[PDB]
Amino acid sequence: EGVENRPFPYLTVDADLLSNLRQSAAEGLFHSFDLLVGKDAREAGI
Amino acid sequence: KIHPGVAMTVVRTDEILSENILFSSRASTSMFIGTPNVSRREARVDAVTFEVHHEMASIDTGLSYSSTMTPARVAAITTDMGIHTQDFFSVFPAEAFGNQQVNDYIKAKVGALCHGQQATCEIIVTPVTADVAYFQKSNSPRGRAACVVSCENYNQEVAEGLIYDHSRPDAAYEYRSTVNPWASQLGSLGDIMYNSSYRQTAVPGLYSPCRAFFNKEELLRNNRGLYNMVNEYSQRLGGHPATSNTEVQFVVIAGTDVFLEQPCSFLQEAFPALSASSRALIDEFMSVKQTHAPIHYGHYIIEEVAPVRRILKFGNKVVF
Amino acid sequence: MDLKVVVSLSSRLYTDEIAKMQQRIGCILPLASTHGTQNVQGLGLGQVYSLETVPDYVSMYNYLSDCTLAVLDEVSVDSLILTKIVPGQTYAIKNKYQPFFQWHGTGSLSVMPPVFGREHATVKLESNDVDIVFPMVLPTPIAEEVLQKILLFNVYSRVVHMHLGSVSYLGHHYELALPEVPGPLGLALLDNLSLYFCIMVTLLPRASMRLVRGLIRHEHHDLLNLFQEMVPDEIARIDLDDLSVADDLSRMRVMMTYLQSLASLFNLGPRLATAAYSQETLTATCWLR
Amino acid sequence: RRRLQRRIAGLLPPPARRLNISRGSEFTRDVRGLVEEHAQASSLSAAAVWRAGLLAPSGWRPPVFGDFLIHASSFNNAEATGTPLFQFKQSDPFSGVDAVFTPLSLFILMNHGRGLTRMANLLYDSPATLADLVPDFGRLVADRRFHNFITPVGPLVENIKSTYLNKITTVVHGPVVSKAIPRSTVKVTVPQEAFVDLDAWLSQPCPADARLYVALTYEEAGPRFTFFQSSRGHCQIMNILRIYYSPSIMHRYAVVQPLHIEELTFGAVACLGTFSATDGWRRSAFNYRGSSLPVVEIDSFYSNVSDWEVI
Amino acid sequence: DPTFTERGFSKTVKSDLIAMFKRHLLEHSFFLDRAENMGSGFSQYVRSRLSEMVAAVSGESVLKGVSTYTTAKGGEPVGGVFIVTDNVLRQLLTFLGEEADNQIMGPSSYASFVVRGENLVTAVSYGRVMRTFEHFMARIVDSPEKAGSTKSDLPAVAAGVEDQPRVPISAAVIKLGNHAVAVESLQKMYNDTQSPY
Amino acid sequence: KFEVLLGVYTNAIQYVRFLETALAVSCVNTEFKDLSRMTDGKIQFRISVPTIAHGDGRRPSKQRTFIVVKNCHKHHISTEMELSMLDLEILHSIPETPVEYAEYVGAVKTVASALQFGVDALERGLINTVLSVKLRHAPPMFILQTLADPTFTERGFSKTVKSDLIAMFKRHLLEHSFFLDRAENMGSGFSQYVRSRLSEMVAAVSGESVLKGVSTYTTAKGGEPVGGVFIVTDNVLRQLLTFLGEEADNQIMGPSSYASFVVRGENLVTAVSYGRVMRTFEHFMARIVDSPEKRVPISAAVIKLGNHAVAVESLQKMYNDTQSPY
Amino acid sequence: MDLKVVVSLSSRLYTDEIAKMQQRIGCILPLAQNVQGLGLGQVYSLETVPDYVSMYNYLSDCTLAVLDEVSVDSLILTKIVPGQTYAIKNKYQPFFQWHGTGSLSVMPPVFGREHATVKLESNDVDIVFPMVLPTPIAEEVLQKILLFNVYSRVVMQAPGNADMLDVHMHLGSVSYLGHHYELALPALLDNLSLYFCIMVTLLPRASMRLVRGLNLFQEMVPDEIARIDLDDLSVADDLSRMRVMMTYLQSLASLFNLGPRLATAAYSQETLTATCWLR
Amino acid sequence: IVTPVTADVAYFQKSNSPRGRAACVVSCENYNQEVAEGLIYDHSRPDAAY
Amino acid sequence: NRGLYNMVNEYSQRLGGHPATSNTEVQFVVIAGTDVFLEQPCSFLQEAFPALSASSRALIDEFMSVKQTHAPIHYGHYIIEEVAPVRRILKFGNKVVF
Amino acid sequence: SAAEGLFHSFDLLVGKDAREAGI
Amino acid sequence: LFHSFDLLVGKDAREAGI
């Protein structure tokens, strides 16, 4: 909802930013996010 | 606000999120890690769905108990500890009185959703001569104490007698047979309400606390060995469970996701809540915690004991 | 495509229970989830059919309609393995059910609540506190009369009832248990049938009454044996009208749609379309209809 | 040719395994190859995911497609791909044009004569021509035979553009996917105010899939279109929608004349297709040049349209 | 507190969280004038009320591995600042104790970023600049088969933060257990402008 | 006027391992794997307890052997990974142009992030089933403060000692439950009460057990064998280091048993590590070319409760990275 | 999968038999391998009375098959599965146009035995193929042969109330999607008609028993001629009447479900075939 | 705010809302007009506290 | 009625609802909001706190004497102990309660 | 049975130097 | 003896074994 999904080279940081994420996206801390479960969790077509 | 001929014994089961501690000594269980394997499950034209399976055998070495799990502290009391009672017109929707004009007037003078779980509390009819000293200590909500765990294993015939045969006195109070005969007997009023033999027309999804005290099938479950009734406690029985976060309390449909254990189903005793008879004994309980009167001429106050020492605040007068 | 569920026990299955489950291999079992590894508490029909409450079969029919079906192929210690039933595959289902209905005609089968009793298909686990009940698999000509006996016992509780209580077959008669109260959803189905009938009674034709009158007074068929040579008066006062074709044609179109809706209402439970049944091997190659 | 040979040689079925039972030394190397095939088609490696793409021709089925010849003014180019289209039955035998409707151009066939309405009349501003497509709307809804003259033909997967006499291609039966071999997923787009979830109005067993049902229904003001999502079966959702249609049985009571057979039927339910229940429908927003309406996005659709069954 | 968020925010969790808000507001708000209720454990109470303040803050950001600020006495990252007033600074430098360090080692200049030759083409052409175009070219053109690990992508997260000279800047450092936060006040910056802090 | 992309980031999934965590202190990993091959899930032990040779003429002190049978628990651990088919269509299609080479590298990286997802899911499901085994055979401490006390048992389980044992359970349910809540309302004796309760758990757990061997899972500083493991939550882990205050080792343990799983445990995890997934896919791409032409430190805080030096490990971070309840 | 089913012809087929089997090669037919009970020809034999309901129950019980190739000794045919599709054609001499209809119904041929058959003189069997027709045409011909059987048996008993030309004017023609067909209306269809008759006779007392089972709400919707039946009837007679009526209602509802209902996608009127799957 | 004299003092010794019903902010629902407004104004249901 | 984190976000990010003007004589609702920075839980959780209300001066001079064993309700009067999040020192003569 | 908890190291064949069947 | 029961029971022959 305001997010693009391109096959970017994603820099691999080491932060613990998984903690309280699936509950934080449900309440709406993030203004715009895309949840990709299953086949959508892919480095998309160029 | 005029007394009817009977009194009640309100029973609620109150859930608690408790942070646990698990000890388990070394070389407790031996293991065999199998190699993991892959197999496709739902080969849809859009996306092939795989599956990664794994099997392992955990053989328990120790002939003693190699683990103890204690509750370390309470995180929060997840329930209400409230007043919300059970609606028998929702549990038993097929039963009705004679006149549909008087059967609809009744359903109108009684109940025909915000905050946490309401702790749906049952009600047991009990005479007004039940001594308050029975209710000031942890007992069964019916009259007789159900010390069936103490008796011999796999013996249903004799151990029905110590629950229901009133010719012999209590396990606890051997100068009386029951503190109420209207719930403690084999076909009594509290028994026809809450046993499974007479709840054949009830709605199966709803939850009743007194099923942990009146159901003969699970009361005779604890008749077996003490080294079996501590196994069947912690072996994920879920014999008398409840829904965790549901707004309206229900029984779980064989839930393995939640983690709970019920010690009131093992040793068969409910703990007294903080009850009173007037607001004045409540106001005097906070003023002097030691020298408060449990009885003032006709009124009583029942100080709450529990595994959790819940701390009370009325304004600024705190008790611990 | 791996279609195989490994339902795992928590506790150890005793040897007599292993023999009782090995006696039932190939039978239909309904599952809670469609996934590869499940638990026992949720396998079978026991979560809807419990000992504590009344046998209500209409919610069991909708449970068998909704949830998936699986056959039992392998039973061992601590685990019993099932094979799901998907459209497009042919499955071998053996007749291991205690009221024995012989599938000689290779008719389409039907999956039933255990209306004949629990305790013959109750098969009991003393490992873990659960009861696995196996649904009855039987042809749809028996299934329609069992469902009509279920629906008719509740309306004939008020006003010979042993004929409605038991079943009729070619070889034998078996006793199926009826409750004194059907339940909420059985009463809902009886209520929907009552509303359908009380609406459709005015949308009945008029011409066939003249047929049944002239056929009673003229020529007795084998099918005309129910009246015991008697006609009521409601037939007469709806035969004080003259016959046309236009209102009857519109009434027969709405009668077609209402009989299709009644076909939707009576068709409860899964049906299996058998092909090449082997009576000597006692198994049947079936798929989901 | 080298590109074509390198592209065909990778996209080839693997040969079937032979066991020469007759000879001695051939049986040993053939079962050697058999265990070397299983051991690399089962374990966690890239070899077991390499094996899944060969497809070995029961599991995968190339679907059927409906080549429909429509008018360009009765359609819109700016619509999304996964719109469930509804073909209208034509009275003339040799017609050549199959008048289909997107849910918005059918929503303007609903409302013109009496959110969704904003984007509907933004996409299809002039409704006189679309009321001229159907020969009779008010009489056909008066005798309530509109549900059988409207048949669904599944979601649109390919719309080739043409200024006059447009041509569309929908999956009528089978796994919903695009037509161009540069491959993409056709996500079924359903507007949200017509979409209701039946568990929400219901307020215990896990199925295999959660189906999508369209229900053309005959409200007393005009027709209404509602897309029903149910995990249950067809003959079960007939009973569930009988529970849901509570004031309709009161209206059919309060129209007490039984010889007027028009108010004795209240719509019909057709099953559109089967999407998976473990992955629920995703909400999304579909934008025009000016407006944006919230649209249900449904992926992994397997279209199989059923008959209209009378409530 | 992740034991109250482990299940979803159901209608019942979002009720006892609102109860716990009012409970914490009644009980543990204003931790510095209720620290005077005891005299002995002032230091441990303030140290615990600040050590439970650096734990509620999620310090896990993507620029955590980029060492930009260090303590001048020993090599250890700072881990954040407390911004207090002058009175609370005067009370938290005696009761919490004299500061372990008086200065921190931070950068001396802004880590600049200009639209260079590769991003000028896409600024003028598309109007989409990226940050470190050379690292995108290093990741997908020059050997795209080498996927980045944590350590291999550390000079790409530290864009210009690392290659700088590090002057020391004065800040009262307070060591809250293993962290070494840097408390300070900005009321000298606001009082001579005649503006409220 | 441009639109800056200020950087683009992803998280590194931490590789948890069952032999890296301290939950494997309480488990011995046998390299036998014949109890999976064995048909029946039982194993029969001929244990033999000692006896006290009594002298009075009561009864002859016959020898004691017990033929005990331990049934093995077989658990099935299964995840799934829905992988798109147009990833497979690029996996089999050999790339020639650099854009399809980048798209094919992206397809391999999507595939190698699903095999890694499966291996990372079966090293969390393994810890989950092991922790649920240790929570299923864990009777509570209000039972085993007395059932594991022999001064009440071993006189013969009659009706009377069981009737007193239940009333003794009901005391420890009230005056002993939630022991870390009584320690907050305790006086200056914070540490000694908590150390007493933890030592009482270690004393009530530790008894007789079959199949013993060498001193496995030693620590590195003291060199003492580690008796057990205290699986706690993270808040209790924070509280047991301000009450107890210290650790016997600096979160280091030295198990030399982890020597055959630094080989058998690595050639699955590093066999899907995108260095071998890309290698095997290049190998199959070469086949498509061939086609038309024809010991260690363990992070675990070790506390000393009397003579045993148990470990305290919290798997709260393991479950909070799943958004699954601990 | 391997789906080619062959049947065992005893005698070799002659030239006119080859032509008549080639003429209807695209049509479907049931299955029982024996050529004796190969299809519906054992219900439409001269051995049994041509009863509709047993024919329908046999047609809904046994599987279907669309044939691909014909020879002098073999009949190549593939049976029907619920999985995949087969291309079938409309080769029936009562010709009904499959223009854009998403459903096809398989019913016994009520337009006469000769209209949809091949008579094999040389062999032992005379085969018939069922009617594959769109479902509004199917329910319309069910209406116009059911009501014609009723309105014919009525004027055979009493011709004073109705008229034969009045029912033959409307009940002999179907009109679906502008096509006007004629019905060959001539025994047949008598048991289904009398089943419907028994249902609508006993449905008043059925509705009364149902509304007395559970008040004036459901008693207002009958009219006054549709309400009054006296409250005196024996228990065994009422129970047997209700049981037999509900049995005939269930059979009649599953019978007015028109059997194996085929579904089509792309009807190509140039080649007269449509892609057809089982539903 | 004008209240009757029969409003009990146990309501006023705690920190409740100054009107009668407890107006719950997020405890009711999420984006509705019949559950939040119901739990705020509809007195056919008792408030969540008492 | 929006979700929890989207209420926590809008609680601090702006003066989310109904502030009073400070440093005036009478309380006005703010219109400027430039230098007026204040947070407010009374709109976050919609509950007011009790004040030290006493029905008569007898109970409020007995709250100072014994602040633990005082009667919250004496026959027809009452005293209501303030529970507000700022603990305020009450000093009546030399009798100091907290 | 007899092997309800026991492993078996080997077996004893009934003098059959090349046959695996029998006791 | 035709198996690998060395790590299962233990190294000592007086404590455990086959």
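Chains: A, B, C, D, E, F, G, H, I, J and K, in written order; residue numbering restarts at 1 for each.
One rule holds for everything that comes next: a residue touches a chain if its C-beta (ideal position, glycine included) is under 8 Å from a C-beta of that chain, and two chains touch if they have at least 3 such contacts.
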Seminar exercise, completed: Chain-touch separation of chain C and chain K, in steps, is 2
Exercise. Of the other chains, whose C-alpha centre is the longest way from the centre of chain J?
Worked result: I
Seminar exercise, completed: Farthest CA centroid from chain B: chain G
Problem set entry | Of E-F and C-F, whichever chain pair has more C-beta contact pairs | E-F
For this session: Averaging only over C-alpha atoms, locate the centres of chain D and chain H and give their separation in whole Å.
Result: 47
For this session: Between chain F and chain K, tell me the centre distance in angstrom, where each centre is the average of that chain's C-alpha atoms.
Result: 25
Exercise. How big is the gap, in whole Å, between where the Cα atoms of chain A centre and where those of chain H centre?
Worked result: 40
Exercise. In whole angstrom, how far does the Cα centroid of chain C sit from the Cα centroid of chain I?
Worked result: 68
For this session: Specify, in ascending order, the residues of chain F that touch 2 or more different other chains.
Result: 7, 9, 12, 30, 32, 34, 40-41, 43, 73-78, 80, 82-86, 88, 102, 109, 114, 118-119, 136, 210-213, 233, 235, 268, 320, 323, 325
For this session: List, in ascending order, every residue of chain D touching at least 2 other chains.
Result: 44, 49, 52, 58-59, 61, 184-185, 204, 258, 299
Exercise. Which chain G residues touch at least two other chains?
Worked result: 83, 221, 223
Seminar exercise, completed: All chain pairs satisfying the touch rule are A-B, A-D, A-E, A-F, A-I, B-C, B-D, B-E, B-F, B-H, B-I, C-D, C-F, C-G, D-F, D-G, E-F, E-H, E-I, F-J, F-K, H-I, J-K
Exercise. Tell me, which parts of chain C touch chain F in their complex?
Worked result: 6, 8, 10, 12, 35-37, 76-79
Exercise. Along chain F, where are the residues that touch chain D in the complex?
Worked result: 83, 85-86, 88-89, 91-94, 96, 111-112, 114-115, 118-119, 268, 271-272, 276-277, 280-281, 284, 288-289, 291-292
Seminar exercise, completed: In the complex, the residues of chain D that touch chain A are 184-185, 279, 285, 299
Problem set entry | Complex interface listing, chain A residues touching chain D | 1, 37-40, 45
Exercise. In the complex of these two chains, what residues of chain J are touching chain F?
Worked result: 3-7
